[PDB]
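[1] Quick one, what's the 3D model for this:
(one chain, ligands or ions: 1)
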Amino acid sequence: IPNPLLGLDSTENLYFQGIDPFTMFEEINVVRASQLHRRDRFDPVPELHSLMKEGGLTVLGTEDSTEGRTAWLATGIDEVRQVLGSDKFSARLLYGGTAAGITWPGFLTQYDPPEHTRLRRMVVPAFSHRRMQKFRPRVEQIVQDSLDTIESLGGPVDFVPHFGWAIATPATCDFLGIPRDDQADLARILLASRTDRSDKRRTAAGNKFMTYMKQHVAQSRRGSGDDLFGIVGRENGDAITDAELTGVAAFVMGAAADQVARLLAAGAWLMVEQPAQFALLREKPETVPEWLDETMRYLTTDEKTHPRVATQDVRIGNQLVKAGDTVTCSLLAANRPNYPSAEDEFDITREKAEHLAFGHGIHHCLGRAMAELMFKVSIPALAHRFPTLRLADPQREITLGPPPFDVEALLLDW
Ligand code: HEM
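    Numbers count the residues shown, from 1 in each chain. The protein structure is shown below:
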(Lines give C-alpha, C1' and ligand atoms only; values in the text may rest on other atoms or scores of the structure.)
Protein backbone atom coordinates (compact mmCIF):
# COMPACT_ATOMS: atom_id res chain seq x y z
CA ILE A 1 0.00 0.00 0.00
CA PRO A 2 1.58 3.28 -1.14
CA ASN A 3 1.20 6.37 1.05
CA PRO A 4 0.14 9.33 -1.15
CA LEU A 5 0.25 11.65 1.87
CA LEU A 6 4.04 11.42 1.85
CA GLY A 7 5.22 11.13 -1.77
CA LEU A 8 4.51 12.62 -5.21
CA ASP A 9 5.39 9.88 -7.71
CA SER A 10 2.32 8.89 -9.76
CA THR A 11 3.71 5.48 -10.75
CA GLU A 12 4.56 4.62 -7.13
CA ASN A 13 1.22 5.97 -5.83
CA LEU A 14 -1.07 3.98 -8.13
CA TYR A 15 -3.55 2.13 -5.96
CA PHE A 16 -7.09 0.77 -6.07
CA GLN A 17 -8.88 -1.92 -4.02
CA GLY A 18 -7.92 -5.33 -5.44
CA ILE A 19 -4.73 -4.13 -7.17
CA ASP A 20 -2.09 -6.86 -7.47
CA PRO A 21 0.91 -6.08 -5.21
CA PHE A 22 3.33 -8.30 -7.17
CA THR A 23 2.32 -6.73 -10.49
CA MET A 24 2.94 -3.29 -8.99
CA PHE A 25 6.36 -4.35 -7.66
CA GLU A 26 7.37 -5.65 -11.12
CA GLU A 27 6.01 -2.60 -12.96
CA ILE A 28 7.60 -0.04 -10.60
CA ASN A 29 11.02 -1.72 -11.02
CA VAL A 30 10.69 -1.77 -14.82
CA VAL A 31 9.89 1.95 -14.65
CA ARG A 32 12.93 2.59 -12.44
CA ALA A 33 15.26 0.63 -14.73
CA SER A 34 13.86 2.56 -17.69
CA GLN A 35 14.31 6.01 -16.08
CA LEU A 36 17.92 5.06 -15.28
CA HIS A 37 18.54 4.36 -18.97
CA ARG A 38 17.30 7.53 -20.53
CA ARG A 39 20.11 9.55 -22.07
CA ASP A 40 21.73 12.96 -21.63
CA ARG A 41 22.54 13.38 -25.30
CA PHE A 42 24.95 10.41 -25.88
CA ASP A 43 25.67 10.06 -22.17
CA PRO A 44 24.32 8.21 -19.14
CA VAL A 45 21.98 10.39 -17.07
CA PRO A 46 23.26 11.76 -13.71
CA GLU A 47 21.17 9.22 -11.74
CA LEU A 48 22.93 6.29 -13.43
CA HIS A 49 26.35 7.94 -13.16
CA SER A 50 25.66 8.26 -9.42
CA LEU A 51 24.37 4.70 -9.03
CA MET A 52 27.45 3.33 -10.80
CA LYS A 53 29.68 4.83 -8.07
CA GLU A 54 27.82 2.87 -5.39
CA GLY A 55 29.19 -0.50 -6.54
CA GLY A 56 28.83 -3.07 -9.31
CA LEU A 57 25.43 -4.32 -8.10
CA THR A 58 22.71 -2.24 -6.46
CA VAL A 59 19.11 -2.63 -5.35
CA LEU A 60 16.48 -1.24 -7.75
CA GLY A 61 13.66 -2.35 -5.42
CA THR A 62 12.78 -4.78 -2.60
CA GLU A 63 9.24 -6.16 -2.12
CA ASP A 64 7.00 -5.31 0.90
CA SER A 65 7.10 -8.94 2.13
CA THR A 66 9.42 -10.43 4.76
CA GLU A 67 11.71 -12.63 2.60
CA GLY A 68 10.21 -11.04 -0.53
CA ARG A 69 11.98 -10.55 -3.84
CA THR A 70 14.68 -8.01 -4.67
CA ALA A 71 15.21 -6.47 -8.11
CA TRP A 72 18.91 -5.75 -8.74
CA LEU A 73 20.78 -3.65 -11.29
CA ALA A 74 24.22 -4.82 -12.42
CA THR A 75 26.47 -1.96 -13.56
CA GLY A 76 30.04 -3.23 -13.03
CA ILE A 77 31.37 -4.98 -16.12
CA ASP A 78 32.51 -7.98 -14.00
CA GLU A 79 29.03 -8.31 -12.44
CA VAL A 80 27.27 -7.86 -15.80
CA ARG A 81 29.39 -10.58 -17.43
CA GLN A 82 28.91 -12.87 -14.41
CA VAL A 83 25.11 -12.59 -14.34
CA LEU A 84 24.74 -12.95 -18.12
CA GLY A 85 27.19 -15.89 -18.35
CA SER A 86 25.74 -17.82 -15.39
CA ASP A 87 23.56 -20.94 -15.62
CA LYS A 88 21.98 -19.95 -12.28
CA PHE A 89 19.80 -17.31 -13.93
CA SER A 90 16.68 -17.97 -15.98
CA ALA A 91 15.13 -15.82 -18.68
CA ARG A 92 11.96 -17.94 -19.00
CA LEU A 93 11.06 -17.74 -15.29
CA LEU A 94 10.56 -14.01 -15.72
CA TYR A 95 7.27 -14.82 -17.53
CA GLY A 96 5.93 -17.61 -15.28
CA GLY A 97 6.82 -20.64 -13.16
CA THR A 98 8.26 -24.02 -14.20
CA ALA A 99 4.76 -25.20 -15.27
CA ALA A 100 3.97 -22.30 -17.65
CA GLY A 101 4.78 -23.14 -21.29
CA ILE A 102 6.28 -20.85 -23.92
CA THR A 103 4.20 -17.66 -24.20
CA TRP A 104 5.57 -16.34 -27.50
CA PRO A 105 6.93 -19.15 -29.72
CA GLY A 106 10.19 -18.16 -31.45
CA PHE A 107 10.93 -15.37 -28.95
CA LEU A 108 14.39 -16.69 -28.05
CA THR A 109 14.76 -14.16 -25.22
CA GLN A 110 12.11 -16.15 -23.36
CA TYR A 111 13.66 -19.67 -23.58
CA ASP A 112 16.05 -21.51 -21.23
CA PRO A 113 18.31 -24.44 -22.10
CA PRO A 114 17.84 -27.12 -23.33
CA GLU A 115 15.10 -25.75 -25.61
CA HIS A 116 16.77 -22.35 -26.07
CA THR A 117 19.88 -24.20 -27.27
CA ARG A 118 18.00 -26.35 -29.82
CA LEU A 119 15.87 -23.55 -31.30
CA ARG A 120 18.76 -21.08 -31.58
CA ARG A 121 20.99 -23.75 -33.14
CA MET A 122 18.26 -24.40 -35.74
CA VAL A 123 17.98 -20.70 -36.74
CA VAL A 124 21.65 -19.69 -36.37
CA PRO A 125 22.77 -20.58 -39.95
CA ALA A 126 20.51 -17.89 -41.46
CA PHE A 127 22.25 -15.21 -39.35
CA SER A 128 25.85 -16.30 -39.98
CA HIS A 129 28.77 -14.09 -41.07
CA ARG A 130 28.89 -16.06 -44.34
CA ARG A 131 25.18 -15.42 -44.88
CA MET A 132 25.68 -11.69 -44.22
CA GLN A 133 28.52 -11.61 -46.78
CA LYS A 134 25.96 -12.92 -49.30
CA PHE A 135 23.50 -10.24 -48.14
CA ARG A 136 25.96 -7.31 -48.39
CA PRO A 137 25.36 -6.40 -52.06
CA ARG A 138 21.61 -6.06 -51.43
CA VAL A 139 22.25 -3.93 -48.32
CA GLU A 140 24.61 -1.71 -50.35
CA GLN A 141 21.81 -1.19 -52.90
CA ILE A 142 19.28 -0.35 -50.14
CA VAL A 143 21.70 2.22 -48.69
CA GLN A 144 22.46 3.87 -52.06
CA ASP A 145 18.71 4.04 -52.87
CA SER A 146 18.09 5.77 -49.54
CA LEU A 147 20.93 8.24 -50.07
CA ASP A 148 19.59 8.90 -53.61
CA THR A 149 16.14 9.68 -52.17
CA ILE A 150 17.64 11.99 -49.49
CA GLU A 151 19.76 13.93 -52.00
CA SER A 152 16.85 14.26 -54.44
CA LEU A 153 14.61 15.84 -51.79
CA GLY A 154 17.06 18.47 -50.57
CA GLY A 155 17.73 19.54 -46.99
CA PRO A 156 16.53 19.60 -44.41
CA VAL A 157 15.76 15.88 -44.29
CA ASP A 158 14.59 13.92 -41.25
CA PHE A 159 17.04 11.01 -41.00
CA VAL A 160 14.79 8.96 -38.71
CA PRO A 161 12.38 7.93 -41.50
CA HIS A 162 14.71 8.64 -44.44
CA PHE A 163 17.83 6.92 -43.13
CA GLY A 164 17.08 4.61 -40.17
CA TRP A 165 13.70 3.25 -41.32
CA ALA A 166 14.38 3.62 -45.07
CA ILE A 167 17.22 1.11 -44.58
CA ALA A 168 15.83 -1.09 -41.76
CA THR A 169 12.45 -1.82 -43.41
CA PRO A 170 13.68 -3.13 -46.80
CA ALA A 171 16.71 -4.88 -45.23
CA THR A 172 14.66 -6.87 -42.71
CA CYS A 173 11.95 -7.54 -45.31
CA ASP A 174 14.45 -8.72 -47.94
CA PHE A 175 16.09 -11.01 -45.36
CA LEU A 176 12.72 -12.74 -44.88
CA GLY A 177 11.95 -12.86 -48.63
CA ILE A 178 8.99 -10.49 -48.22
CA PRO A 179 7.74 -9.45 -51.67
CA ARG A 180 8.63 -5.83 -52.51
CA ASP A 181 4.94 -5.03 -53.17
CA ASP A 182 3.95 -6.05 -49.60
CA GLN A 183 6.64 -4.16 -47.68
CA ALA A 184 5.15 -0.65 -47.38
CA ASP A 185 1.78 -1.92 -46.11
CA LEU A 186 3.54 -4.25 -43.66
CA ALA A 187 5.68 -1.37 -42.36
CA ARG A 188 2.50 0.69 -41.86
CA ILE A 189 0.77 -2.19 -40.03
CA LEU A 190 3.86 -2.64 -37.82
CA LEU A 191 3.82 1.12 -37.06
CA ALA A 192 0.22 0.75 -35.89
CA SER A 193 1.13 -2.25 -33.69
CA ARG A 194 4.02 -0.28 -32.09
CA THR A 195 2.41 3.12 -31.61
CA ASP A 196 -1.39 3.16 -31.75
CA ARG A 197 -2.77 4.73 -28.58
CA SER A 198 -5.75 2.40 -28.59
CA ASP A 199 -4.61 -0.97 -27.20
CA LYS A 200 -7.53 -2.54 -29.13
CA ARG A 201 -6.33 -1.14 -32.49
CA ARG A 202 -2.74 -2.02 -31.55
CA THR A 203 -3.75 -5.69 -31.05
CA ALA A 204 -5.82 -5.80 -34.26
CA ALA A 205 -2.74 -4.53 -36.17
CA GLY A 206 -0.41 -7.02 -34.42
CA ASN A 207 -2.81 -9.84 -35.29
CA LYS A 208 -3.02 -8.66 -38.90
CA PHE A 209 0.79 -8.81 -39.13
CA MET A 210 1.09 -12.22 -37.43
CA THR A 211 -1.62 -13.62 -39.76
CA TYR A 212 0.34 -12.44 -42.83
CA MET A 213 3.55 -13.84 -41.36
CA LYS A 214 2.02 -17.24 -40.49
CA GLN A 215 0.82 -17.52 -44.11
CA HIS A 216 4.21 -16.40 -45.45
CA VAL A 217 5.95 -19.00 -43.25
CA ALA A 218 3.65 -21.78 -44.49
CA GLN A 219 4.28 -20.68 -48.09
CA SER A 220 8.05 -20.32 -47.73
CA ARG A 221 9.23 -23.04 -45.32
CA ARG A 222 9.24 -25.82 -47.93
CA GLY A 223 10.16 -23.70 -50.97
CA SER A 224 13.54 -22.97 -52.50
CA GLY A 225 14.19 -19.37 -51.43
CA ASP A 226 17.30 -17.93 -49.71
CA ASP A 227 15.08 -16.23 -47.18
CA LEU A 228 15.17 -17.22 -43.50
CA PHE A 229 12.30 -19.71 -43.95
CA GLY A 230 13.71 -21.64 -46.89
CA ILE A 231 17.08 -21.95 -45.16
CA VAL A 232 15.74 -23.05 -41.75
CA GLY A 233 12.79 -25.04 -43.22
CA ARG A 234 14.85 -27.00 -45.75
CA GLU A 235 17.48 -27.75 -43.10
CA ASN A 236 15.17 -28.71 -40.26
CA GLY A 237 11.84 -29.92 -41.73
CA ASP A 238 9.15 -30.61 -39.11
CA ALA A 239 11.60 -30.17 -36.16
CA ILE A 240 10.81 -26.44 -36.21
CA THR A 241 7.14 -25.43 -36.02
CA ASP A 242 5.40 -22.74 -38.05
CA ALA A 243 4.82 -20.84 -34.79
CA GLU A 244 8.52 -20.86 -33.85
CA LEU A 245 9.46 -19.68 -37.37
CA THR A 246 6.72 -17.04 -37.26
CA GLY A 247 8.07 -15.79 -33.92
CA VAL A 248 11.69 -15.50 -35.09
CA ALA A 249 10.64 -13.72 -38.32
CA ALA A 250 8.30 -11.36 -36.49
CA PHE A 251 11.09 -10.31 -34.11
CA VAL A 252 13.36 -9.58 -37.10
CA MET A 253 10.81 -7.31 -38.82
CA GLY A 254 9.28 -5.94 -35.62
CA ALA A 255 11.42 -5.24 -32.56
CA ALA A 256 14.79 -5.84 -34.26
CA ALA A 257 13.95 -3.61 -37.24
CA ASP A 258 13.12 -0.84 -34.71
CA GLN A 259 16.55 -1.43 -33.06
CA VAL A 260 18.38 -1.11 -36.39
CA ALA A 261 16.48 2.06 -37.29
CA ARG A 262 17.30 3.55 -33.88
CA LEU A 263 20.98 2.56 -34.20
CA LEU A 264 21.30 4.10 -37.68
CA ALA A 265 19.63 7.32 -36.50
CA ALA A 266 21.93 7.48 -33.44
CA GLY A 267 24.86 6.89 -35.81
CA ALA A 268 23.87 9.70 -38.17
CA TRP A 269 23.54 12.02 -35.17
CA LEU A 270 27.00 11.09 -33.86
CA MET A 271 28.47 11.83 -37.34
CA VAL A 272 27.15 15.43 -37.24
CA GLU A 273 28.36 15.84 -33.64
CA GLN A 274 31.83 14.42 -34.38
CA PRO A 275 32.50 15.34 -38.05
CA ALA A 276 36.33 15.51 -37.85
CA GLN A 277 36.44 11.93 -36.55
CA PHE A 278 34.16 10.57 -39.27
CA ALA A 279 36.14 12.50 -41.90
CA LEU A 280 38.98 10.21 -40.80
CA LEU A 281 36.76 7.17 -41.53
CA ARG A 282 35.77 8.32 -45.03
CA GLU A 283 39.21 9.57 -46.16
CA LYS A 284 41.46 7.03 -44.37
CA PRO A 285 39.35 4.02 -43.24
CA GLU A 286 42.50 1.87 -42.93
CA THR A 287 43.82 4.08 -40.11
CA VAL A 288 40.70 3.44 -37.99
CA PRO A 289 40.18 -0.37 -38.18
CA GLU A 290 38.18 -0.53 -34.94
CA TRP A 291 35.77 2.38 -35.58
CA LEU A 292 32.74 0.08 -35.46
CA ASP A 293 33.46 -1.34 -32.00
CA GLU A 294 34.16 2.12 -30.53
CA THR A 295 30.93 3.46 -32.02
CA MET A 296 28.92 0.50 -30.63
CA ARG A 297 30.57 0.98 -27.21
CA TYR A 298 29.90 4.73 -27.14
CA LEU A 299 26.32 4.60 -28.45
CA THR A 300 25.14 1.46 -26.60
CA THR A 301 21.71 1.75 -28.27
CA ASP A 302 20.34 -1.21 -26.30
CA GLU A 303 21.06 0.11 -22.78
CA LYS A 304 19.93 -2.88 -20.70
CA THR A 305 19.19 -6.60 -20.92
CA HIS A 306 15.92 -8.36 -20.02
CA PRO A 307 15.80 -9.14 -16.29
CA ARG A 308 17.10 -12.58 -15.34
CA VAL A 309 15.66 -14.56 -12.42
CA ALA A 310 17.96 -16.35 -9.95
CA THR A 311 17.10 -20.07 -9.86
CA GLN A 312 19.11 -20.51 -6.64
CA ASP A 313 21.09 -18.31 -4.23
CA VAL A 314 24.16 -16.98 -6.03
CA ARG A 315 27.09 -14.72 -5.14
CA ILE A 316 27.40 -11.86 -7.64
CA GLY A 317 30.53 -9.78 -7.11
CA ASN A 318 30.24 -9.33 -3.35
CA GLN A 319 26.44 -9.53 -2.86
CA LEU A 320 24.09 -12.47 -2.31
CA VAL A 321 21.36 -12.68 -4.96
CA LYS A 322 18.57 -14.80 -3.46
CA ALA A 323 16.55 -17.37 -5.42
CA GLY A 324 13.66 -15.56 -7.09
CA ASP A 325 15.45 -12.20 -7.25
CA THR A 326 15.88 -10.49 -10.61
CA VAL A 327 19.00 -8.86 -12.00
CA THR A 328 18.84 -6.34 -14.83
CA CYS A 329 22.16 -5.66 -16.54
CA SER A 330 23.14 -2.15 -17.56
CA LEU A 331 24.95 -2.55 -20.86
CA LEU A 332 25.26 1.26 -20.87
CA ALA A 333 27.11 1.31 -17.51
CA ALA A 334 29.27 -1.64 -18.62
CA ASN A 335 30.26 0.16 -21.84
CA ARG A 336 30.76 3.61 -20.34
CA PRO A 337 32.42 2.78 -16.95
CA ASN A 338 34.68 5.84 -16.94
CA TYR A 339 32.01 8.43 -17.80
CA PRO A 340 32.84 11.27 -17.73
CA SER A 341 36.53 11.45 -18.75
CA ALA A 342 38.88 11.86 -21.71
CA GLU A 343 39.13 8.07 -22.03
CA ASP A 344 35.32 7.60 -22.13
CA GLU A 345 34.79 10.15 -24.90
CA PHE A 346 34.15 8.84 -28.41
CA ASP A 347 37.52 8.08 -29.99
CA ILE A 348 37.38 6.50 -33.45
CA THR A 349 41.15 5.71 -33.35
CA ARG A 350 41.12 3.69 -30.10
CA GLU A 351 42.72 0.24 -29.75
CA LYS A 352 40.31 -2.75 -29.98
CA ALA A 353 37.42 -1.18 -28.02
CA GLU A 354 35.80 -4.05 -26.13
CA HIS A 355 32.11 -3.76 -25.26
CA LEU A 356 28.86 -5.57 -24.43
CA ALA A 357 26.49 -3.66 -26.73
CA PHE A 358 25.25 -6.99 -28.07
CA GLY A 359 24.99 -8.66 -24.66
CA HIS A 360 26.77 -11.71 -23.27
CA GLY A 361 26.24 -15.41 -22.60
CA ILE A 362 23.75 -17.70 -24.33
CA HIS A 363 21.29 -14.89 -25.15
CA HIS A 364 23.89 -12.66 -26.87
CA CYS A 365 22.47 -10.93 -29.95
CA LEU A 366 21.57 -13.42 -32.69
CA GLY A 367 21.49 -10.54 -35.17
CA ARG A 368 24.89 -9.06 -34.29
CA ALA A 369 26.43 -9.85 -37.69
CA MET A 370 23.33 -8.41 -39.43
CA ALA A 371 23.25 -5.24 -37.33
CA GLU A 372 27.00 -4.76 -37.83
CA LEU A 373 26.66 -5.29 -41.60
CA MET A 374 23.92 -2.62 -41.64
CA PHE A 375 26.05 -0.13 -39.72
CA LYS A 376 29.34 -0.87 -41.53
CA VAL A 377 27.67 -0.30 -44.91
CA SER A 378 25.41 2.63 -44.00
CA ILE A 379 27.64 4.94 -41.98
CA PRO A 380 30.66 5.09 -44.34
CA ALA A 381 28.28 5.35 -47.31
CA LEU A 382 26.61 8.34 -45.66
CA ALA A 383 29.94 10.00 -44.85
CA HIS A 384 31.13 9.70 -48.46
CA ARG A 385 27.80 10.87 -49.84
CA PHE A 386 27.39 13.89 -47.54
CA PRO A 387 30.79 15.07 -46.19
CA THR A 388 29.15 18.38 -45.19
CA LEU A 389 26.40 16.68 -43.18
CA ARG A 390 25.23 18.92 -40.34
CA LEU A 391 22.27 19.62 -38.06
CA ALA A 392 19.64 21.73 -39.85
CA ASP A 393 19.32 23.77 -36.65
CA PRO A 394 22.39 23.48 -34.33
CA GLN A 395 20.50 25.45 -31.66
CA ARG A 396 17.76 22.85 -31.16
CA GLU A 397 18.09 19.85 -28.85
CA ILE A 398 17.45 16.44 -30.38
CA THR A 399 14.35 14.94 -28.74
CA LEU A 400 14.91 11.52 -27.19
CA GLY A 401 12.07 9.21 -26.27
CA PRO A 402 11.87 6.38 -23.73
CA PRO A 403 14.70 3.82 -23.85
CA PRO A 404 16.15 2.14 -25.78
CA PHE A 405 18.13 5.08 -27.34
CA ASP A 406 15.27 6.75 -29.20
CA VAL A 407 16.02 9.69 -31.53
CA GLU A 408 12.50 10.91 -32.33
CA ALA A 409 13.57 13.16 -35.23
CA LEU A 410 16.90 14.09 -36.78
CA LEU A 411 16.73 17.05 -39.17
CA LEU A 412 19.95 17.28 -41.12
CA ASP A 413 21.18 19.43 -43.96
CA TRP A 414 24.38 19.36 -46.03
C1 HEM B 1 18.05 -6.79 -37.44
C2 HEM B 1 19.03 -6.89 -36.54
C3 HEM B 1 18.89 -7.70 -35.23
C4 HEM B 1 18.42 -8.95 -35.08
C5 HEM B 1 17.87 -9.88 -36.20
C6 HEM B 1 18.51 -9.28 -33.66
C7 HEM B 1 18.14 -10.46 -33.06
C8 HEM B 1 18.28 -10.81 -31.72
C9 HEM B 1 17.69 -11.97 -31.09
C10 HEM B 1 16.80 -13.03 -31.79
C11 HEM B 1 18.04 -11.96 -29.79
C12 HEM B 1 17.66 -13.00 -28.72
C13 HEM B 1 18.76 -14.06 -28.76
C14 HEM B 1 18.61 -15.10 -27.68
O15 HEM B 1 17.91 -14.86 -26.67
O16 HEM B 1 19.22 -16.18 -27.83
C17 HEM B 1 18.87 -10.78 -29.56
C18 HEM B 1 19.43 -10.41 -28.35
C19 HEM B 1 20.03 -9.20 -28.08
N20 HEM B 1 20.26 -8.18 -28.99
FE21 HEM B 1 19.72 -8.21 -31.01
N22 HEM B 1 19.07 -8.20 -33.01
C23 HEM B 1 19.30 -7.21 -33.93
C24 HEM B 1 19.83 -5.98 -33.65
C25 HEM B 1 20.33 -5.57 -32.44
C26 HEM B 1 20.90 -4.26 -32.18
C27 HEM B 1 21.02 -3.11 -33.20
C28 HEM B 1 21.29 -4.25 -30.90
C29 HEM B 1 21.94 -3.07 -30.15
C30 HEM B 1 23.25 -3.11 -29.93
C31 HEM B 1 20.98 -5.54 -30.31
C32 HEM B 1 21.24 -5.92 -29.01
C33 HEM B 1 20.89 -7.10 -28.39
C34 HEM B 1 21.13 -7.41 -27.00
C35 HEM B 1 21.82 -6.52 -25.94
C36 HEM B 1 20.57 -8.81 -26.79
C37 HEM B 1 20.57 -9.64 -25.48
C38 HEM B 1 19.31 -9.34 -24.67
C39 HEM B 1 19.35 -10.07 -23.35
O40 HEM B 1 20.35 -10.76 -23.03
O41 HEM B 1 18.36 -9.96 -22.60
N42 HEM B 1 20.40 -6.32 -31.28
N43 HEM B 1 18.98 -10.10 -30.76
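
[2] and the stretch 101-250 of the chain, which residues reach the ligand?
    Selection of the stretch 101-250 of the chain residues close to the ligand by Cβ under 6 Å from any ligand atom yields 108, 109, 120, 172. Yep, even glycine has a C-beta here, placed from its N, CA and C like the rest.

[3] 5 Å instead, please
    108, 109 (Cβ under 5 Å from any ligand atom).

[4] Point me to the residue of the stretch 101-250 of the chain nearest the ligand.
    Distances between the stretch 101-250 of the chain and the ligand by Cβ to the nearest ligand atom are smallest at residue 108, namely 3.6 Å.

[5] Next, count neighbours for that residue.
    19 (other Cβ atoms under 10 Å).

[6] Nearest residue to it in space, please, no chain neighbours.
    The shortest distance from residue 108 to any non-neighbouring residue, by Cβ to Cβ, 6 or more residues apart in numbering, is to residue 120 (5.8 Å).

[7] which SS class is the one you found?
    helix (DSSP: H, G, I helix; E, B strand; the rest coil).

[8] who does the host helix or strand of residue 214 touch, helix- and strand-wise?
    Element membership of residue 214, judged by DSSP states H and E, is helix 199-220. When contacts are defined as 3 or more Cβ pairs under 8 Å, 6 or more residues apart in numbering; DSSP states H and E, helix 199-220 sits against helix 183-195, helix 228-236, helix 242-253.

[9] in the stretch 51-200 of the chain, which spans are strands?
    Along the stretch 51-200 of the chain, the segments classed as strands by DSSP state E, counting those that start in this stretch run 57-62, 70-74, 89-90, 157-158.

[10] Mean neighbour count, the ones you listed: which tops it?
    Comparing those by mean neighbour count (mean count of other Cβ atoms under 10 Å), strand 70-74 comes out on top with a mean of 25.

[11] contacts for the helix holding residue 214?
    176-178, 182, 186, 189-190, 192-196, 227, 229-230, 233, 242-243, 245-246, 249-250, 253-254 (Cβ atoms under 8 Å, 6 or more residues apart in numbering).

[12] quick revisit: might one say that the residue of the stretch 101-250 of the chain closest to the ligand is in contact with residue 244?
    No: using Cβ atoms under 8 Å, residue 108 makes no contact with residue 244, being 9.5 Å away.

[13] top helix in the protein by residue count?
    helix 129-153 (DSSP state H).

[14] What residues of it count as buried?
    Within helix 129-153, the residues that count as buried by 16 or more other Cβ atoms under 10 Å are 131, 132, 135, 139, 142, 143, 146, 147, 150.

[15] Sketch out the strands for the stretch 251-400 of the chain, chain order is fine.
    With strands called from DSSP E, counting those that start in this stretch, the stretch 251-400 of the chain shows them at 308-310, 314-316, 319-321, 326-329, 390-391.

[16] what's the residue of the stretch 151-300 of the chain found nearest the ligand in contact with, if anything?
    Of all residues in the stretch 151-300 of the chain, residue 256 sits closest to the ligand, at 3.6 Å by Cβ to the nearest ligand atom. With contact taken as Cβ under 8 Å, 6+ apart, residue 256 is in contact with 172, 367.

[17] that older thread, roughly how far is the helix holding residue 214 from the heart of the chain?
    22 Å (Cα atoms, centre = their mean, to the nearest Å).

[18] List the buried residues of it.
    205, 206, 208, 209, 210, 212, 213, 214, 216, 217, 220.

[19] Stretch 354-374 too?
    In stretch 354-374, counting by 16+ other Cβ under 10 Å, buried: 355-363, 365-374.

[20] got it, and stretch 302-314?
    302, 303, 304, 305, 307, 308, 309, 310, 311, 314.

[21] What is the burial count for the nearest residue to the fifth one once chain neighbours are set aside?
    Leaving aside its sequence neighbours, residue 307 sits nearest to residue 326 (Cβ to Cβ, 6+ apart; 4.1 Å). The tally of other residues near residue 326 (other Cβ under 10 Å) stands at 24.

[22] Just grab the bridge partners of residue 326 for me.
    Residues in a beta bridge with residue 326, per DSSP bridges, are residue 71, residue 309.

[23] so it sits right up against residue 73, yeah?
    No: when contacts are counted by Cβ under 8 Å, residue 326 is not listed as touching residue 73 (9.6 Å).

[24] my guess is residue 411 meets residue 158, correct?
    Yes: counting by Cβ under 8 Å, residue 411 does reach residue 158; the two are 5.5 Å apart.

[25] From residue 293, how far off is residue 391?
    Counting by Cβ to Cβ, to the nearest Å, the separation of residue 391 from residue 293 is 26 Å.

[26] same question but for residue 49, I mixed them up
    23 Å.

[27] ok, now residue 220?
    Residue 220 sits 35 Å away from residue 293, going by Cβ to Cβ.

[28] just the helices in the stretch 301-414 of the chain please.
    331-335, 368-385 (DSSP state H, counting those that start in this stretch).

[29] Including distance to the ligand, could the ones you listed go into CSV?
    Output for those, formatted as CSV (distance: least, Cβ to the nearest ligand atom, whole Å):
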stretch, distance to the ligand
helix 331-335, 6
helix 368-385, 4
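
[30] any idea how far residue 277 is from residue 103?
    Relative to residue 103, and taking Cβ to Cβ, residue 277 is found at 44 Å.

[31] one step back: adding distance to residue 271, write the helices and strands packed on helix 199-220 out as a markdown table.
    Shown next, in a markdown table, are the helices and strands packed on helix 199-220 (distance: least, Cβ to Cβ, whole Å):
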| stretch | distance to residue 271 |
| --- | --- |
| helix 183-195 | 25 |
| helix 228-236 | 31 |
| helix 242-253 | 26 |
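
[32] quick one, what contacts residue 296?
    Residue 296 neighbours (Cβ under 8 Å, 6+ apart): 353, 355, 357, 358, 375.
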